[PDB]
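Engineer: First the structure, which I've put down as structure tokens, then a few questions once you've had a look.
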Amino acid sequence: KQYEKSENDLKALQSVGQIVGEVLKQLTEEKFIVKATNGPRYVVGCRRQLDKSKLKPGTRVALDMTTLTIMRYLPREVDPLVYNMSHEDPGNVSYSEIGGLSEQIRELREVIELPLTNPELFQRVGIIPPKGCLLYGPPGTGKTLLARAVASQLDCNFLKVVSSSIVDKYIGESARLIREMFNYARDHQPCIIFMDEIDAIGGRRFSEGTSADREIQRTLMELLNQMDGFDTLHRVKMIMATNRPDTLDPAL
Amino acid sequence: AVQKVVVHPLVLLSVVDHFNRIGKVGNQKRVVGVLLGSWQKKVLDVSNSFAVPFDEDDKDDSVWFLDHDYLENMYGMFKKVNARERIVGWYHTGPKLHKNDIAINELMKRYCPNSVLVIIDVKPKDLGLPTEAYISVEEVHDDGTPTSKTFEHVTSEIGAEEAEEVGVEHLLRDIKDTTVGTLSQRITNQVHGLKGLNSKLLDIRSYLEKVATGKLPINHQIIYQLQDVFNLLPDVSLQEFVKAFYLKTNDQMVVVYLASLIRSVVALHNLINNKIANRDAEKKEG
Amino acid sequence: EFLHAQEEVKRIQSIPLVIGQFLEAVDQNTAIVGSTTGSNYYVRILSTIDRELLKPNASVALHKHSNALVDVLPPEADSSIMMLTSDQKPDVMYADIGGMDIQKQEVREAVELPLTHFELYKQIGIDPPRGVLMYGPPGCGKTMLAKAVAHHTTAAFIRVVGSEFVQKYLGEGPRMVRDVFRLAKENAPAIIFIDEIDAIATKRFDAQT
Amino acid sequence: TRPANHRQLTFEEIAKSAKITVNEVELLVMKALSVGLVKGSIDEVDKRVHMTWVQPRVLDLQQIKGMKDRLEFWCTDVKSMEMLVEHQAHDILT
Amino acid sequence: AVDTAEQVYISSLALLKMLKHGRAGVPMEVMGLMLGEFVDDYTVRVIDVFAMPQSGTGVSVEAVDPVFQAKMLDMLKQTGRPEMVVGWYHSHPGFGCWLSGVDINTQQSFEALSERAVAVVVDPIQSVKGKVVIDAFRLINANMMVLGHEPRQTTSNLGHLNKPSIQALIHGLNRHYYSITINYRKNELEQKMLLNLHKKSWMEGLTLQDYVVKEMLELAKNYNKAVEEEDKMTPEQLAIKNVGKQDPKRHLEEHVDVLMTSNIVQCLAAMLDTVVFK
Amino acid sequence: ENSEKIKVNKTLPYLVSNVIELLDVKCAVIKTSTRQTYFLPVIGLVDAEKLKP
Amino acid sequence: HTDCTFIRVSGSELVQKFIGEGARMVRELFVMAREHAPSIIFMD
Amino acid sequence: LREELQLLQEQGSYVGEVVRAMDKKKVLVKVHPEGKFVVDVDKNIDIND
Ligand SMILES: Nc1ncnc2c1ncn2[C@@H]1O[C@H](COP(=O)(O)OP(=O)(O)OP(=O)(O)O)[C@@H](O)[C@H]1O
Ligand SMILES: Nc1ncnc2c1ncn2[C@@H]1O[C@H](COP(=O)(O)OP(=O)(O)OP(=O)(O)O)[C@@H](O)[C@H]1O
Ligand SMILES: [Zn+2]
């Protein structure tokens with residue numbers, strides 16, 4: 001048996017490392033303007049059956065080494081700063097863990113859980129379901145714990161960000177992480193967002209005389225557009241929790 | 001369920017130089033050999049093969065020689081160069097068969113899911129097709145006898161796989177890619193008209209010789225069954241295709257309207273700049 | 001052999017075509033081309049390409065080994081997002097909008113009537129149209145009008161937002177906007193869109209902050 | 001038995017020789033529609049039982065011999081008129 | 001003791017096993033041995049290029065398996081012909097097919113035993129039909145610089161082998177190397193049957209296949225009207241009145257002949273009813 | 001098999017590189033120490049559990 | 001209408017890229033203006 | 001005219017960046033993005049050129 005697995009490895013000696021590339025744009029039915037990830041640019045074609053319609057510019061392809069034609073396409077890309085906080089989310093006991101919040105459980109359950117269980121009662125009405133809410137009060141009262149109760153309830157698509165590690169020292173890097181997270185949320189349908197300590201990233205727009213929360217103004221405007229966008233988010237809920245909801249922007 | 005294979009003439013040229021072996025080793029007339037290849041699909045490719053030192057008694061025709069020094073260790077070499085190109089079947093020349101062939105198939109059906117016998121052609125003068133496949137079949141009868149095993153006419157072709165014409169189309173040294181409408185169509189007219197209707201003369205050899213001396217497959221199970229397909233349109237005086245004549249007005253409708261309007265456009269094509277460049281070349285010469 | 005010449009032109013092409021860029025041209029059918037490999041070359045270029053298509057440092061096609069100019073690609077990939085290309089236009093502006101008759105009326109006067117009735121800009125002889133600004137509090141339906149103005153016409157609605165313009169490497173946002181605008185001058189006078197506004201583009205010029 | 005045309009047959013030989021009435025010839029073909037050997041496009045403005053493709057016979061060895069007036073007819077007539085085309089398309093051999 | 005212009009009467013199967021040995025021979029370069037017959041002095045012939053195992057370790061003189069040599073020739077003995085080796089082949093399918101630095105060692109490592117043992121360089125990944133990159137070299141040495149390196153005895157064979165003389169490091173390697181001449185054999189014993197299977201195969205096989213027709217024309221007639229308005233922009237472009245134009249920008253053709261042979265196909269296609277039926 | 005696989009390690013020093021990520025559509029992305037990327041759909045002589053990105 | 005003598009390079013367009021990025025001693029422009037000695041340089 | 005097109009197959013002599021020449025009929029070429037290379041000259045061009 002291990003001789004047969006080693007025979008598969010001996011056949012795998014014939015197997016070739018494919019090339020990491022990405023589609024710049026599609027030119028024709030078989031001409032594909034792509035770029036090698038570590039350098040130059042090319043125009044190649046697919047194998048026979050690679051579903052060229054699903055090749056959309058910004059996807060990642062694996063190419064042949066020698067012939068250099070397209071062999072496969074993976075997801076796209078992931079930017080693994082998203083990894084270390086999305087699947088970081090643990091499962092929990094359900095909302096039996098909390099108590100004395102049955103109005104919050106039930107009505108917040110109405111604003112969250114319904115348009116994924118059935119959005120067509122909204123469509124029997126016709127009216128679009130709402131988008132998100134904000135929890136407040138004293139700090140540490142279990143806003144995060146309630147979010148973990150939701151993390152136990154839906155068990156599906158939780159993207160929970162501590163939401164202050166976004167400004168490293170660059171300007172649009174924060175925005176680029178925002179765009180990547182919102183594109184991953186645009187990818188998967190029933191996405192859930194949770195954010196905490198918004199005041200380090202939401203802030204307030206005063207008269208511009210400083211030089212570091214203008215970054216929070218532009219990043220805040222990535223929130224102002226990109227909670228709406230042109231395309232509305234489809235089954236992408238946004239659960240917000242802060243300690244002071246006073247200093248956030250009234251535009252938000 | 002085999003329509004076609006891809007045939008590389010490389011090891012067919014090994015059938016050519018083993019056809020050079022048999023002319024100088026002695027009494028062995030027919031080139032018999034063993035066909036390598038890989039089942040990928042109903043379509044298949046043959047990339048290699050090998051030609052067997054084989055003898056065949058004319059008395060009790062079922063005397064095979066497929067040496068296993070010649071088989072096993074050469075399969076270790078042919079395995080050693082490539083794990084992919086293993087056996088797929090075997091071959092021999094002549095058009096019809098060999099009283100031993102079926103047994104020679106069953107020697108290697110232990111090696112292959114479908115050991116195919118592709119009867120090959122060393123001297124092509126044919127009216128039909130080149131080398132053609134024969135798959136494992138158990139058609140027997142409606143009788144309930146022991147199982148028939150004679151391997152029936154399962155269509156194949158000469159397929160062309162990959163580039164390989166750095167040699168081949170350099171070795172053409174004669175031929176032209178015709179832009180069809182330039183006599184290639186009448187070449188096909190000679191080959192399908194002539195080479196189809198002499199096969200029709202083989203079919204009057206069938207449907208006259210079987211009336212004459214033909215036993216049990218005179219009307220086994222396909223003669224009347226494809227006298228149906230013969231009864232598409234065989235009728236007597238002129239067959240009276242009355243639908244097909246104003247249907248043919250709907251046909252020749254298209255061709256004469258396109259030729260009429262479009263060849264008047266061709267009259268602009270030829271005529272107009274023919275005159276312009278004509279009289280530029282004519283009176284601008286002075 | 002005429003057909004051999006014709007088919008010969010594209011044997012070694014179009015399968016594994018590398019991409020460089022034009023630089024300069026000394027003479028007939030032989031020119032200078034920089035590369036996406038990092039080095040520059042002076043190679044014999046074809047008679048195939050029209051000779052006036054080699055003004056810019058255009059995206060061009062070359063052989064791996066031979067490195068011959070066979071094709072020139074005048075566009076390059078996009079600016080950033082490139083107009084969303086199909087359907088994401090959210091549609092609610094022409095046959096459906098709650099209360100913007102001044103601005104719907106004027107945008108209609110200033111987009112749709114220019115796009116067809118160019119000769120009404122002739123017998124009176126007025127002008128082509130140009131840009132416009134909107135101002136309304138957050139909840140006056142500011143984006144909706146742009147959303148299905150993008151929908152209900154088939155204009156090349158290349159939108160951006162300009163909060164990405166502020167960067168680390170220098171001149172980066174300027175390269176972005178000139179991808180937008182050379183992309184704009186490339187394609188069409190249809191409609192090309194930038195929602196970008198207050199607290200990034202303020203009139204305080206004279207502050208060495 | 002008649003190979004030739006008038007394949008849009010009236011029901012007269014059907015209502016006569018096949019011991020059926022006029023109201024049942026449709027069943028005589030609709031049940032045959034469930035059979036599927038012949039799939040005629042039967043006229044119903046003239047009640048004409050039309051003949052399409054069929055499963056013809058089992059053996060006519062007198063026409064396994066006597067098929068020559070169709071088979072050799074096909075052979076030398078498509079081959080001869082083949083040589084009338086190629087004899088017309090002769091000196092474009094080029 | 002004398003130098004003569006040689007010749008290589010090539011077995012077409014040699015080049016077949018090289019195009020398979022470089023086509024399937026993944027451009028990690030490889031090595032083999034050449035199996036012909038030293039016919040005479042002024043020529044040589046190859047009759048066999050055999051296959052090598054997956055030596056995916058390195059082009060080297062040590063990559064030769066001698067029990068595969070002895071068992072290989074033994075399998076030529078149980079087949080009809082146990083011919084003789086004449087040298088060695090290798091593959092350079094990646095780069096511009098010039099003599100590698102193992103060839104500059106394994107050549108004289110092989111021809112130390114052999115007489116000539118001419119190199120074989122190949123790259124089928126150059127072209128499909130147009131460029132035939134077969135290559136072969138005879139290693140001259142510094143022992144034979146006593147005499148001049150001019151066989152010359154029959155000329156214009158190495159005059160037409162001299163006619164290219166363009167490979168970068170090989171032009172440079174004029175020292176130590178002079179190539180050999182390779183013709184292709186009069187292969188009509190196989191070129192006949194490659195011809196008869198060539199055209200008996202590649203035009204509708206049994207040729208009762210095409211004798212698709214008119215929706216192709218429908219699409220082709222919409223082609224052949226849809227280009228006609230821009231084909232007729234050229235007489236407007238011929239309306240320069242006096243003279244204002246360089247080369248006419250002749251788009252006269254490419255739409256004559258498409259209609260010509262295409263509607264020859266439409267009219268004999270109109271014949272095929274009265275050709276097939278009677 | 002393993003003679004030639006010891007040979008593959010023996011050919012040159014067999015360029016130690018970096019794994020960028022690992023997918024299971026078993027599959028891995030290599031970055032060379034020349035900083036060049038090579039995806040493989042077939043890993044080879046180790047297990048995906050033994051390694052990590 | 002000076003027929004050669006005005007080559008408005010416009011001199012400030014991508015200002016963090018047309019100036020100094022690649023053209024440190026922007027004198028590439030000045031080699032232009034010399035080797036096109038009928039020229040006029042403009043900036044913003 | 002069409003048979004000329006084998007000249008296309010000689011890949012083009014790439015642009016060299018010469019600072020200046022020195023004596024002994026040799027030059028100083030600094031290749032595009034590479035280092036300095038003293039090489040010998042052709043005959044149709046001169047040291048004075
Ligand atoms: N309403 C509640 N029901 C059940 N458990 C609760 C409730 N409120 C708080 N808890 C408990 O409190 C703990 C912490 O809750 P959580 O993490 O939400 O604090 P928090 O509200 O996020 O505080 P802060 O936002 O100020 O850090 C959890 O383990 C949870 O079990
Ligand atoms: N006239 C309207 N009637 C009904 N709903 C409207 C109207 N205008 C806007 N809306 C609501 O607002 C959404 C989009 O509003 P829009 O984004 O256009 O305003 P806005 O851009 O957010 O304002 P601002 O950009 O100054 O913050 C619609 O999807 C709808 O829910
Ligand atoms: Zn080699």
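By order in the structure tokens, chains are A, B, ...; within a chain, residues start at 1; ligands start at 1, following the order shown.
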Residues within 10 Å of ligand 1 should be enumerated using only C-alpha atoms and all ligand atoms and returned as an MDAnalysis selection string.

Structural biologist: chainID A and resid 92:102 104:105 135:149 196:197 241:244

Engineer: Residues at most 12 Å from ligand 2, using only C-alpha atoms and all ligand atoms? Could they come as a VMD selection string?

Structural biologist: (chain A and resid 127 to 131 221 223 to 233 249 to 252) or (chain C and resid 90 to 101 103 to 104 133 to 149 195 to 198)

Engineer: Using only C-alpha atoms, determine which residues of chain H fall within 7 Å of chain C; present them as a list in words.

Structural biologist: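 Close enough to count are residues 2, 8, 9, 10, 11, 12, 13, 14, 15, 32 and 33 of chain H.
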
Engineer: Restrict the distance test to only C-alpha atoms, flag each residue of chain C within 6 Å of chain A, and return the flagged residues as a list in words.

Structural biologist: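 Residues of chain C within 6 Å of chain A, counting only C-alpha atoms: residues 15, 16, 17, 18, 19, 36, 37, 77, 163, 164 and 167 of chain C.
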
Engineer: Please produce a file of the residues just selected, as a PDB file, in the first residue's frame, where the atoms kept are N, CA and C atoms.

Structural biologist:
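Final output, result-v1.pdb:
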```pdb
ATOM      1  N   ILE C  15       0.038  32.019 -28.459  1.00  0.00           N
ATOM      2  CA  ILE C  15      -0.113  30.973 -27.459  1.00  0.00           C
ATOM      3  C   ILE C  15       0.497  31.451 -26.138  1.00  0.00           C
ATOM      4  N   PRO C  16       1.811  31.724 -26.137  1.00  0.00           N
ATOM      5  CA  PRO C  16       2.557  32.207 -24.980  1.00  0.00           C
ATOM      6  C   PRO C  16       3.124  33.592 -25.258  1.00  0.00           C
ATOM      7  N   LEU C  17       2.254  34.581 -25.429  1.00  0.00           N
ATOM      8  CA  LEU C  17       2.705  35.936 -25.721  1.00  0.00           C
ATOM      9  C   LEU C  17       3.049  36.749 -24.478  1.00  0.00           C
ATOM     10  N   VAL C  18       4.294  37.208 -24.419  1.00  0.00           N
ATOM     11  CA  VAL C  18       4.778  38.013 -23.313  1.00  0.00           C
ATOM     12  C   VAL C  18       4.406  39.458 -23.605  1.00  0.00           C
ATOM     13  N   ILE C  19       4.399  40.285 -22.568  1.00  0.00           N
ATOM     14  CA  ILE C  19       3.961  41.666 -22.695  1.00  0.00           C
ATOM     15  C   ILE C  19       5.084  42.579 -22.241  1.00  0.00           C
ATOM     16  N   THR C  36       8.499  44.270 -19.406  1.00  0.00           N
ATOM     17  CA  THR C  36       8.096  43.924 -18.054  1.00  0.00           C
ATOM     18  C   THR C  36       9.036  42.912 -17.409  1.00  0.00           C
ATOM     19  N   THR C  37      10.087  42.496 -18.115  1.00  0.00           N
ATOM     20  CA  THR C  37      11.188  41.763 -17.511  1.00  0.00           C
ATOM     21  C   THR C  37      12.188  42.679 -16.827  1.00  0.00           C
ATOM     22  N   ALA C  77      -5.420  47.449 -18.129  1.00  0.00           N
ATOM     23  CA  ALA C  77      -6.488  46.689 -17.427  1.00  0.00           C
ATOM     24  C   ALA C  77      -7.628  47.600 -16.961  1.00  0.00           C
ATOM     25  N   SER C 163     -11.470  58.625  -1.249  1.00  0.00           N
ATOM     26  CA  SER C 163     -10.845  58.388   0.044  1.00  0.00           C
ATOM     27  C   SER C 163      -9.685  57.412  -0.042  1.00  0.00           C
ATOM     28  N   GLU C 164      -9.561  56.711  -1.159  1.00  0.00           N
ATOM     29  CA  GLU C 164      -8.422  55.867  -1.460  1.00  0.00           C
ATOM     30  C   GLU C 164      -7.249  56.668  -2.015  1.00  0.00           C
ATOM     31  N   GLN C 167      -2.387  58.030   0.308  1.00  0.00           N
ATOM     32  CA  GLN C 167      -1.622  56.791   0.228  1.00  0.00           C
ATOM     33  C   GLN C 167      -0.275  56.919   0.926  1.00  0.00           C
TER      34      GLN C 167
END
```

Engineer: Give me the residues near residue 39 (chain F) as a VMD selection string, where near means some atom within 12 Å (using only C-alpha atoms) and where sequence neighbours in that chain fewer than 2 positions away do not count.

Structural biologist: (chain A and resid 15 to 21 37 60 to 65 71 to 74) or (chain F and resid 18 to 23 26 to 32 36 to 37 41 to 43)

Engineer: Find the residues of chain B in contact range of chain E, meaning any atom within 6 Å when counting only C-alpha atoms, and list them as a PyMOL selection string.

Structural biologist: chain B and resi 21+53+80-81+128-129+163+165-166+169+181+188+192

Engineer: Hey, what does DSSP flag as strand (DSSP E) within chain H? Can you give it to me as a list in words?

Structural biologist: residues 18, 19, 20, 21, 27, 28, 29, 30, 36 and 37 of chain H

Engineer: Using only C-alpha atoms and all ligand atoms, which residues have at least one atom no more than 7 Å from ligand 3? Output them as a ChimeraX atom specification.

Structural biologist: /E:29-31,90-92,121

Engineer: The selected residues should be written to file as a PDB file, in the first residue's frame (atoms: N, CA and C atoms).

Structural biologist:
```pdb
ATOM      1  N   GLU E  29      15.885  19.092 -19.271  1.00  0.00           N
ATOM      2  CA  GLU E  29      16.636  18.437 -20.329  1.00  0.00           C
ATOM      3  C   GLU E  29      17.073  17.032 -19.927  1.00  0.00           C
ATOM      4  N   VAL E  30      17.160  16.165 -20.934  1.00  0.00           N
ATOM      5  CA  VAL E  30      17.357  14.735 -20.755  1.00  0.00           C
ATOM      6  C   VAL E  30      18.370  14.234 -21.774  1.00  0.00           C
ATOM      7  N   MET E  31      18.558  12.919 -21.787  1.00  0.00           N
ATOM      8  CA  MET E  31      19.714  12.296 -22.407  1.00  0.00           C
ATOM      9  C   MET E  31      19.336  10.933 -22.957  1.00  0.00           C
ATOM     10  N   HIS E  90      20.236  13.819 -27.059  1.00  0.00           N
ATOM     11  CA  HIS E  90      19.756  14.501 -25.869  1.00  0.00           C
ATOM     12  C   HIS E  90      18.695  15.491 -26.324  1.00  0.00           C
ATOM     13  N   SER E  91      18.091  16.172 -25.359  1.00  0.00           N
ATOM     14  CA  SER E  91      17.012  17.106 -25.644  1.00  0.00           C
ATOM     15  C   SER E  91      17.326  18.436 -24.995  1.00  0.00           C
ATOM     16  N   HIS E  92      17.158  19.520 -25.749  1.00  0.00           N
ATOM     17  CA  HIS E  92      17.187  20.873 -25.200  1.00  0.00           C
ATOM     18  C   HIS E  92      15.886  21.592 -25.545  1.00  0.00           C
ATOM     19  N   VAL E 121      20.656  17.593 -30.792  1.00  0.00           N
ATOM     20  CA  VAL E 121      19.969  18.632 -30.036  1.00  0.00           C
ATOM     21  C   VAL E 121      18.606  18.850 -30.676  1.00  0.00           C
TER      22      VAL E 121
END
```

Engineer: Which of these residues is nearest to chain A, using only C-alpha atoms: F:5, F:10, F:15, F:52?

Structural biologist: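 So, comparing all the options, the nearest one is F:5.
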
Engineer: Go ahead and compute the interatomic distance for CA of residue 155 (chain B) and CA of residue 134 (chain B), in Å to one decimal.

Structural biologist: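 Atom-to-atom, CA of residue 155 (chain B) to CA of residue 134 (chain B), that is 7.4 Å.
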
Engineer: Write out as a list in words which residues come within 10 Å of region 39-41 of chain H when counting only C-alpha atoms, dropping same-chain ones fewer than 4 positions away.

Structural biologist: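 Contacts, with the query itself left out: residues 21, 24, 25, 26, 27, 28, 29, 45, 46 and 47 of chain H.
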
Engineer: Go ahead and save the residues from that selection, with N, CA, C and O atoms, as a compact mmCIF listing (two decimals), in the first residue's frame.

Structural biologist:
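result.txt, freshly written:
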```
# COMPACT_ATOMS: atom_id res chain seq x y z
N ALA H 21 34.25 55.03 -24.49
CA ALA H 21 35.19 53.98 -24.86
C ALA H 21 36.54 54.22 -24.21
O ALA H 21 36.83 55.29 -23.68
N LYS H 24 42.56 50.24 -27.08
CA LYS H 24 42.64 48.83 -27.49
C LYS H 24 41.36 48.34 -28.16
O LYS H 24 41.00 47.17 -28.02
N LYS H 25 40.68 49.25 -28.87
CA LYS H 25 39.50 48.97 -29.70
C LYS H 25 38.34 48.41 -28.88
O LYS H 25 37.50 47.67 -29.39
N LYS H 26 38.28 48.77 -27.60
CA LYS H 26 37.27 48.25 -26.72
C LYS H 26 36.52 49.40 -26.08
O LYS H 26 36.98 50.55 -26.08
N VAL H 27 35.35 49.09 -25.54
CA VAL H 27 34.44 50.10 -25.03
C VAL H 27 34.07 49.77 -23.60
O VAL H 27 34.56 48.80 -23.03
N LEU H 28 33.21 50.59 -23.02
CA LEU H 28 32.63 50.31 -21.71
C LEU H 28 31.12 50.34 -21.91
O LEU H 28 30.52 51.41 -22.05
N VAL H 29 30.51 49.16 -21.89
CA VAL H 29 29.07 49.03 -21.98
C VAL H 29 28.55 48.73 -20.59
O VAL H 29 28.97 47.75 -19.96
N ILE H 45 31.59 50.02 -37.55
CA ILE H 45 31.55 51.19 -36.68
C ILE H 45 32.94 51.38 -36.09
O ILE H 45 33.73 50.43 -35.98
N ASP H 46 33.23 52.61 -35.70
CA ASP H 46 34.58 53.00 -35.36
C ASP H 46 34.71 53.37 -33.89
O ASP H 46 33.72 53.60 -33.18
N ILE H 47 35.96 53.44 -33.44
CA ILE H 47 36.28 54.01 -32.14
C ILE H 47 35.97 55.50 -32.16
O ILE H 47 35.51 56.07 -31.16
```

Engineer: When you draw a straight line from CA of residue 57 (chain E) to CA of residue 51 (chain F), how long is it in Å?

Structural biologist: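 The value is 25.3 Å.
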
Engineer: Could you give me, as a tab-separated table, a per-residue list for chain B showing, wherever an atom lies at most 10 Å from an atom of chain D, the closest pair of atoms and their distance in Å to one decimal, using only C-alpha atoms and sorting by chain then residue number from low to high?

Structural biologist:
```
residue	atom	partner	partner_atom	distance
B:182	CA	D:92	CA	9.2
B:183	CA	D:93	CA	7.0
B:186	CA	D:86	CA	7.4
B:187	CA	D:93	CA	9.7
B:189	CA	D:82	CA	7.6
B:190	CA	D:82	CA	8.1
B:192	CA	D:79	CA	9.6
B:193	CA	D:79	CA	5.9
B:194	CA	D:79	CA	6.5
B:195	CA	D:79	CA	9.7
B:196	CA	D:75	CA	8.7
B:197	CA	D:75	CA	5.2
B:198	CA	D:75	CA	7.6
B:199	CA	D:75	CA	9.0
B:200	CA	D:75	CA	6.1
B:201	CA	D:75	CA	7.1
B:203	CA	D:71	CA	8.2
B:204	CA	D:71	CA	7.2
B:206	CA	D:64	CA	9.6
B:207	CA	D:64	CA	6.0
B:208	CA	D:65	CA	6.2
B:209	CA	D:65	CA	9.4
B:210	CA	D:64	CA	8.8
B:211	CA	D:65	CA	6.2
B:212	CA	D:65	CA	8.9
B:218	CA	D:61	CA	9.2
B:219	CA	D:59	CA	7.5
B:221	CA	D:58	CA	9.3
B:223	CA	D:59	CA	8.6
B:224	CA	D:58	CA	5.9
B:225	CA	D:58	CA	7.8
B:226	CA	D:55	CA	9.8
B:227	CA	D:56	CA	8.0
B:228	CA	D:56	CA	6.1
B:229	CA	D:55	CA	9.4
B:230	CA	D:71	CA	8.9
B:231	CA	D:56	CA	7.9
B:232	CA	D:53	CA	7.3
B:233	CA	D:3	CA	8.9
B:234	CA	D:70	CA	5.6
B:235	CA	D:4	CA	5.5
B:236	CA	D:4	CA	6.6
B:237	CA	D:4	CA	8.3
B:238	CA	D:4	CA	8.9
B:239	CA	D:4	CA	6.2
B:240	CA	D:5	CA	6.2
B:241	CA	D:5	CA	8.1
B:242	CA	D:5	CA	8.7
```

Engineer: Just want the 12 Å neighbourhood of residue 5 (chain G), counted on only C-alpha atoms, with same-chain residues fewer than 6 positions away dropped. Output as a ChimeraX atom specification.

Structural biologist: /G:33-41

Engineer: Do you have the CA of residue 205 (chain B)-CA of residue 149 (chain B) distance handy?

Structural biologist: 26.5 Å
